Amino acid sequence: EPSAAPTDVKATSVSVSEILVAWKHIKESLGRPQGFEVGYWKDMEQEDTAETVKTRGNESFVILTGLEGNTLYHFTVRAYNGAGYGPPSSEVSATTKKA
C-alpha cells in the first residue's frame, strides 16, 4: 500500500483545453505504485464531482485534455497499487486559457 503522496506537484496551464500536472515519484521505501490517479474538478463545482485520470507505469506527469476553457481547475494526485490508494498530494490549481 502506498504510504506517501507524491511531492513537488505542479499544475501548468497549456491551452484553452489542456493543463499539465507533474509530480515527483515517491521514495521506494514508501511503496511501489502501479501508477497515479489524478483527481480534478472545476472551481465552481465541488471536489466530490471530481473526474479522475489514472496513469500506469513510472511517468510522473499527465496532460489533461478536453477541459473547459477559461476555467480554474483544482487537482490532487495519489499513488495506487493492488493494495489500494495512497494519500493525496497537496492540492494544486491552474486555469485553462481564454479565447
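A residue's number is simply how far along the shown sequence it sits, counting from 1.
Remark: stretch with higher mean C-alpha B factor among 26 to 34 and 44 to 52 is 44 to 52. Mean CA temperature factor is higher for 53 to 61 when stretches 53 to 61 and 67 to 75 are set side by side in the entry. The PDB entry assigns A94 a C-alpha temperature factor belonging to the lowest third of its chain's modelled residues. When the modelled residues of the chain are ordered by their C-alpha B factor, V14 lands in the middle third.
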